[PDB]
Every structure is written in C-alpha cells, then in structure tokens.
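Given next, in structure tokens, is a single chain: the form solved without the named molecule.
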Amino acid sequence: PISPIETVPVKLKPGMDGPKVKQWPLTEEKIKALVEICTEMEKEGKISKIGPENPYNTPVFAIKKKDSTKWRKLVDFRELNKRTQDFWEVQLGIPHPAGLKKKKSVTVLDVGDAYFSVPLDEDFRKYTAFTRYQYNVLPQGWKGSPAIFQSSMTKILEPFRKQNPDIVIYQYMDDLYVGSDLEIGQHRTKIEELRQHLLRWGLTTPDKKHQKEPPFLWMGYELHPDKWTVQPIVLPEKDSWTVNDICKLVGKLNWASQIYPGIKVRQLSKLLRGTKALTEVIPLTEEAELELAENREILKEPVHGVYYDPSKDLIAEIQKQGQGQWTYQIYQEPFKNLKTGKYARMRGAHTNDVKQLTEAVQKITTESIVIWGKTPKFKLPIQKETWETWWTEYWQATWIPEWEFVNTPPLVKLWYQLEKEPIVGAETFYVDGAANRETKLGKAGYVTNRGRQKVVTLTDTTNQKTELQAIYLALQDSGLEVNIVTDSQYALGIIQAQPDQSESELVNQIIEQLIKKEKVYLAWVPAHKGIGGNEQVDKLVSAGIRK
C-alpha cells in the first residue's frame, strides 16, 4: 500500500519552475509494460491522473530488473533534478560483512515496492507529471528519492529498534539483514513482529525475498553461519583491451581485492594516461600482461572471510610489492582473514617506502574505524630501528599505532642517509644552477675546493631543474664520499626527505647516485651573498644566461 508516514517537505531551487520535456518513441514491448503498471498504480493511489492544468512533463522508459522478468519503470528526471533543491545524503557508506558479528539466527528480507510505498510531498507532485499521470509517491530517477526513502525507513524502524535493542537490523535501501541471539523459533517470532511493524507503516515483505536458510544473499556476498564469500567475479577474457575495458578490469580487481590478497593494478591503471576517448583501444604493455596473469591465478583459488569477534583484537598485516604497491590482511586469529585489501595511491612527486607505509597504515586505520569502530594492531615489515631512524630525523610529525615487526620480505628500509656533520677528507663541491626565463637556456655546474670546475649547458630547462642538475653533476664526478653546498632549499628539501622513487627521472638519477655513495653531506647557504665558494660557482653558471 502507501505508508501513512509524514511526507518530507521538498522545494525547488529559487527562480526556477517545473520541467517541460516531451516523450520519445518506445518499443511496443515497453509500452505494454508501462500501461500494465500505470493502470494498476493509478488504482492504488500511487499515481493520480491530471489534465491540461499541468504544463509539466517528463519522458519515461523501462528496463529489466535483476530477476529479468518484471519491468522497472524509470523516469528521466534529469531536468527536474537540476531545478530541485539540494539534499544531504544520509547513506554514509556501504556495509561490509567483515563487520557483522556472530549471531545465532539470521534473516535477510527485502521490502516490496520500496519507492512506490512512501508518499511524496503534495506541493511537489505537480512537477512529477508525465504523459497523463503524476506521482503521488516517490518516483525513480529523481534526485531526492534515495535520500527520502533511506530517512523514511529509519523513521519507520525507530520504534522497533527502540523496543528491540538487541536485534541487529542492517538497513541498506529496502534490504534488511536481521540478526538475533535467540533460538530459531523465537527468532521467527521476532521477524513476524518486524513484518507486522513494517506492514503497519505500509511496507510489505513478500515471501519471495524472505531468506530463511544459509547461504544468505546480501550486498553481493554469500553469508554462511561461520563464514562469508563474495559472489563469483569473472574477468573479461579479451585479446586487445580498450580504455573502457581496462576500467572494467581494474574496477573488478579492486572489488576482488577486498577478500583476494595480492591484487595489483599499477601497470594496468598506468595505461590510461593522456587518453580522451572512452572507446579508445590501447596496446597492452608487457609488464601489464604479467600483472594480469598473476591476478588471474589468485582468483582461481578459493577464499572466504570470517565475522567480527569484539572480544578479540583487530590485527592488520601489511606486505609490500614493487612499483610502490601494498597489500594488507585484517584478521583476529592466524590465517582467518576478516578482510583483505590493497593500497597503491602515489602521493607526492617524491617519496620513499616509509612514507608509503605510513600512508597505508592511515588508510587502514580510517577504514577499520568505519567497519569495526576501533583501530587494529599492526604487523609491519619494517624494523623498529628503521622506524626510529626515520621519525626522529623527519621534520614532519609522523606516527604509527601499536605495531610489531614481521620477517616477511621485501623489508622496508631507507636506501641512504645524509650525514649530520661535514665529512673530513671528502672533496667539497659548491654547486649552483641558473636559468633564463625568456630563452629557457640554463647552466648547471660546480666548483670544488681542489680546483676542479665544470659547467654544463642546458636547453629548455627551469631554474629549479638547473639546481638539481648541478647536484647530480657533483654526485657523478665525486668519490664515494663528498660534501655538497647548495643555495637551493628546493633541492635540499627534496633530497633531505630520503626519497627512493620520483616522477622525475632527474631525481631518480640523483637517487641512484646517492645509493652508490658511502657518505654524503648536504649543506645550504644563501644565494647572492658573497659566500665562497658559492660566489665562484654562481659567476660560472650565470655567465651568458643572466645579466
């Protein structure tokens, strides 16, 4: 029927009015499906007939439901949504089965005719006109229908939740997961109390969508009594993938990484750079062909998750793969994963593996607070000494919650360390770079305290690139130990962060040199202040491109 719940007052945006769009032709099979629905809805008071006194109109269409038998009536309210007010969405996330606690009895039931059972604001029904009826209930394709149904459902369940605080009801759209610590027979009674409570508010629960035995179909999973699994994921077997086919592959792999450990999508996602066409085809690289093959081998293996025990602690263990990728597993008992995941977001032009580990810990922590409301204890592949070295010398405030080291390679380490004091017996290089804004010409070079001088001319460069080119030049022409003095806090700040990877090949070449060195000391002096021998190198690189 129609819910006797109060309607949600909805207004339009100021200075705007209803939509006025005509209807497009449709197939006879779709016209039959609509007249079979509109005539029955009109008798249920869900849609009311109008006349010439309603200048508004909106085109409609119909598609096949998940059951592939009944027709879902969709309206193209794309013009009404532009002129409809803004709502605050109440659906703050997606429930995950790893956050479900163990219950003795579980029921998964859906509400029949969700939108079409919740009344619509009377003053707003004018704009919902279509050729002629108008919606008296929540229509599909409207901006406010999801938020209004989700809030109305919460209003309806509120008396039942207050009366039954120990029955857990996972409410997502019209689907209801109901768990209880009661015996099977006493649980069935509580379900009927819930079905009678919903029916009181005009919400029906047809038996066709009333699951009573495991495995329950819920949110794309299969809920068993002591475990859960994800519905099968078929990867598109093709020969020449396109831009749209790669997203379908990566999007499914990301969905699979929630329970399948070891999923990587770096090189696959890297192939979508610079493209501007959805149907564009791209030659698949060889490093991505190996990445897709090993992903396929994991999905062939079976895997499943467990449920959350509040009495036990949460444990998250992170492994490391190449290309700056990370995989994690959250469990409470060894080799009984509640959930898995992956992290591979490149943050920053320059970074190392300790930053990336810190970022993965933060992502997992926030993710764990959503699902379980608490923070997990970590198992990180980094030595306590390596972490103490980093956070003591790093200028930013960084921190990792309670964790423990695990001897599972590849270990996370810093590939080089800058000296704190100048190196005795090491040649002192005074580097500097300069570039011209107009001609884009520049010169990088150095001056040593032993008489050596070199100046390298550069074309199509910037002032900051010449400073890095000078440091790179000193590293190339020095021994295993070297002192470098630069006037560039840009280049100093980059190198002092101890990066091991960069979007810049110039920095990558600098990183490769710094790992070969045994001792490096980098100092900073102000530019254009007569300090030697920064004054000597400044005159060399400025000759011909400045003043």
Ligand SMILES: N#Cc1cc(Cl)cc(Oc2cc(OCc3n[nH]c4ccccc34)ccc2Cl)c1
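When you see a residue number, it is the position in the sequence shown, counting from 1.
Unshown form solved in complex with the named molecule; subsequent notes refer to it.
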Here blocked means 3 or more ligand atoms within 2.4 Å of a backbone or C-beta atom once the named molecule is superposed in from its placement in the deposited bound form. Does this form come out open or blocked?
blocked
Using the partner position in the deposited bound form, report whether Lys101 sits within 4.5 Å of the named molecule, counting heavy atoms only.
yes
Test of understanding: in the deposited bound form, would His224 fall inside 4.5 Å of the named molecule by heavy atoms?
yes
Applying a 4.5 Å heavy atom distance criterion, does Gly202 contact the named molecule in the deposited bound form?
no
Evaluate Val106 for contact with the named molecule in the deposited bound form, applying a 4.5 angstroms cut-off between non-hydrogen atoms, and reply yes or no.
yes
The named molecule: the contacting residue among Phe124, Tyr331, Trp218, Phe378 in the deposited bound form [heavy atom, 4.5 Å]
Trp218
By the heavy atom within 4.5 Å rule, which residue out of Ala344, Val168, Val456, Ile282 makes contact with the named molecule in the deposited bound form?
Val168
Would you point out which of 473-481, 286-294, 414-422, 173-181 contains residues with a non-hydrogen atom within 4.5 Å of the named molecule in the deposited bound form?
173-181
What residues in 293-311 sit within 4.5 Å of the named molecule in the deposited bound form, counting heavy atoms only?
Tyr307
